[PDB]
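One chain follows as structure tokens, the form deposited in one PDB entry.
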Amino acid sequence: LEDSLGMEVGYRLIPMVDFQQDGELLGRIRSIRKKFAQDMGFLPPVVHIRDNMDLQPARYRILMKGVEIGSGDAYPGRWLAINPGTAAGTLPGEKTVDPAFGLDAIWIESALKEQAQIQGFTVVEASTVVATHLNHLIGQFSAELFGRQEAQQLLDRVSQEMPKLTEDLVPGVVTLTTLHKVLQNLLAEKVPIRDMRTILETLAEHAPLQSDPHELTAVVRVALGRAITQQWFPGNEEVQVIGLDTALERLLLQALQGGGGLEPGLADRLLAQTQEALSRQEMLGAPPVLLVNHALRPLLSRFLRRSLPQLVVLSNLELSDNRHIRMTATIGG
């Protein structure tokens, strides 16, 4: 057995972690976990911190179930100057790399702080660096961190709000195993699970006749359509998405039923042009959203996100029919 979420730390990062001392990282973690619970819909597990004298004074390792998923530096008396893309010149110091987004970074002394801000850098203290890293890792592994016990804790906490919904569904109609796999499927594709009533209502309707967690994932995502549409396109602005070629769509649809399919070279064209469309979206300031026909969403999501996990494959039945959609990137032959 192992801690589902841990952090080993060298002796200079003990202060920010020690409650008796300043404990500044303690409060940043507590705020990360509560912002995460009200955004993504489940409270991430407590981070068990311990000291490891095998670690260099200023190094830390963020672990999950005993497996290292992160590591980096943090110097208590110094600051991390980050190039957000626009910064100019450089600064004396250790020229490392941002732990979360990989941006270029310099560890400057405290007296060079205003120098960095004038040169366009973003300056943060050491605890802010560890907290940013851990926050980015919790989001990336939110599905893996949502374990079976976390589903039970979520079910208990929710049974107070919707008692008729939870006892008459789990485990008589939907087992904790099936409900956990479904919620995990949503989290793996960055769909929030705040709206447990909609989720549980939906599973209550379909799970009698449909026990496969993947088929139930599709009908729950549709039920969460407004939450999905609003997360990537907040407000009333224009919905800028990747779509694929009309012919390609029908040709992809033929291959799934009778007819088809496409040459394996075109399957690799499909992958390369998705990478081209992806890079075009961030150039346009658009979101990395590929919008396809419902019968193609589960297929393209598994097929593309295997190598392009940053991609978000939404479905036409999930996108709110009241918003204006412009295809701003294509996927052809």
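Heads up, when I say rigid core I mean the largest set of C-alphas that superpose within 1.5 Å between the two forms. Numbers follow the displayed sequence, beginning with 1.
In this crystal structure, the stretch out of 115 to 123 and 254 to 262 whose C-alpha atoms carry the higher mean B factor is 254 to 262. The PDB entry records a higher mean C-alpha B factor for 268 to 276 than for its counterpart among 268 to 276 and 298 to 306.
When the C-alpha B factors of 145, 244, 220, 176 are read from the deposited coordinates, the top value falls at 244.
Across 154, 203, 228, 97, the greatest Cα temperature factor reported in the deposited entry is at 97.
Residue 224: CA B factor in the lowest third of modelled residues in this chain (values from the PDB entry). Per the PDB record, residue ranking by Cα B-factor puts residue 190 in the lowest third of the chain. Residue 91: CA B factor in the middle third of modelled residues in this chain (values from the PDB entry). Among the modelled residues of the chain, residue 101 sits in the highest third by CA temperature factor in this PDB entry. The PDB entry assigns residue 313 a C-alpha temperature factor belonging to the lowest third of its chain's modelled residues.
There is another form of the same protein, the form deposited in another entry; it is not shown, and what comes next is about it.
Just one residue from the list 156, 114, 205, 212 crosses the 2 Å line for C-alpha shift between the shown form and the other one on a rigid core fit, and it is 114.
In the core-superposed comparison between the shown form and the other one, the C-alpha atom of residue 86 has shifted by at least 2 angstroms. Once the rigid core is used as the reference frame, the Cα position of residue 165 differs between the shown form and the other one by less than 2 Å.
If you fit the rigid core between the shown form and the other one, you'll see the Cα of residue 123 move by 2 angstroms or more.
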